[PDB]
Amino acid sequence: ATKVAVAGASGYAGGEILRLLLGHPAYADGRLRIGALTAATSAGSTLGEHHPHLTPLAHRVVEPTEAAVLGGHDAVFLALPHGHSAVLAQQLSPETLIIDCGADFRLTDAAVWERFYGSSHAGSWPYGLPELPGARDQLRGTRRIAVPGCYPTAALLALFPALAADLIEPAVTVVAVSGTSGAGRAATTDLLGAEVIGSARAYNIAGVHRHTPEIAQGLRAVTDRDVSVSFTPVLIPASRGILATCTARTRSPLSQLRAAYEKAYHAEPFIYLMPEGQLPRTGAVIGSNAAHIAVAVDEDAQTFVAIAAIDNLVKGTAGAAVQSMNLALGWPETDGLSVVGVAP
């Protein structure tokens, strides 16, 4: 039996983890039990007040986020803002599996963490991107997992096959558009529907976004060159979805690149290379754990270009948390995680 808690269940990330715990085959056959669901200000309320789409768990009472509530669980999902997984994992048994969606344990460079996040660095856990060279090995059987950010996921998948193959220059440029739900359920004026509907805006530009160094970190894991990352995230009128455009100087032929991408991904269950003439679209991956990827070559401009479409709440967080949890617990990697997206 595997009893699972979720800290921050009243937020988007937590809702997305529960939808999938609901659909997990380990749930339907009882090898998985949904234990405690906690929050902060919303403790004492029913979950239907927050997640009216998770009707099976609507009667559940949101408990306070305390080590005393979260003890006695084999697995413990952390879907709260960064800074809390530090203290909170220090309070649980060593053998319980902790899956943190925050950024606390993502970066390996303490000085980068302080420059970008503005707090002390808690260290690093295995990185919940199984598709990354070497990462899958490190998830198998572990008990501490750090889920990647929603932007670094789309980009690394897009870029790492070419940079590891040495078919593109190590200075990359990423311009991603995201749906609103990647900002989180905290009520801020600038994420009101009246404001995002019919309006696009780029934010945190010129390399100040905290995901800039996360993409950098991962690409440096496939190369020995100096890596450079111009990241620019763009907010568009959508609830979910991440469409990441990724360019970098190349002199290799599209022949060689397309072959580079088939090798790295032909056996990946979740990565789907588009047929020629096709190009990813976010709307086709919504609600699925899949990533759609097209590669091309702008030879007039000696520019490689590669597009990834991922759902930011699944492959971008909760799907990667569940996928990492399948590996940590030794269950089939795809348990609970469909590749069939909900469309239109």
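Note that residue numbering follows the sequence shown and begins at 1. Take the two forms, superpose them, and find the largest set of C-alpha atoms that agree within 1.5 Å; that set is the rigid core.
*Asks:* Rigid core superposed, root mean square over structures and residues, which stretch has C-alphas farther from this form in 7 other deposited structures of this protein, 89 to 97 or 234 to 242?
*Replies:* Looking at 234 to 242 and 89 to 97 in 7 other deposited structures of this protein, the bigger mover is 89 to 97.
*Asks:* Aligning on the core, I want to see which stretch wanders more in 7 other deposited structures of this protein. Is it 160 to 168 or 76 to 84 by C-alpha RMS?
*Replies:* So, of the two stretches, the farther one in 7 other deposited structures of this protein is 76 to 84.
*Asks:* Mean CA temperature factor from the deposited coordinates, higher in 88 to 96 or in 110 to 118?
*Replies:* Result of the comparison: 88 to 96.
*Asks:* Which has higher Cα B-factors on average according to the PDB entry: 41 to 49 or 308 to 316?
*Replies:* Taking the mean B-factor of the alpha carbons in each, 41 to 49 is higher.
*Asks:* Return the residue from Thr232, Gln256, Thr188, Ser178 that has the highest Cα B-factor in the entry.
*Replies:* Highest C-alpha B-factor among the listed options: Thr188.
*Asks:* Of the choices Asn289, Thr282, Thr303, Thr55, which one's C-alpha carries the largest B-factor in the record?
*Replies:* Across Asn289, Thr282, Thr303, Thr55, the entry lists the biggest C-alpha B-factor for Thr303.
*Asks:* Can you tell me whether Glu333 has a C-alpha B-factor in the lowest, middle or highest third compared with the other modelled residues of the same chain?
*Replies:* It falls in the top third of the chain.
*Asks:* Among all modelled residues of this chain, ranked by Cα B factor, put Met325 in the bottom, middle or top third, i.e. lowest, middle or highest.
*Replies:* Ranked within chain, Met325 CA B lands in the highest tercile.
*Asks:* Grab the CA temperature factor for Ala28 from the record and place it in the lowest, middle or highest third of its chain.
*Replies:* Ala28: CA B-factor falls in the middle third of its chain.
*Asks:* Should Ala5 be placed in the lowest, middle or highest third of its chain by the C-alpha B factor in the entry?
*Replies:* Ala5: CA B-factor falls in the middle third of its chain.
*Asks:* C-alpha B factor of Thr250, ranked within the chain: lowest, middle or highest third?
*Replies:* Answer is highest: the recorded C-alpha B-factor places it there.
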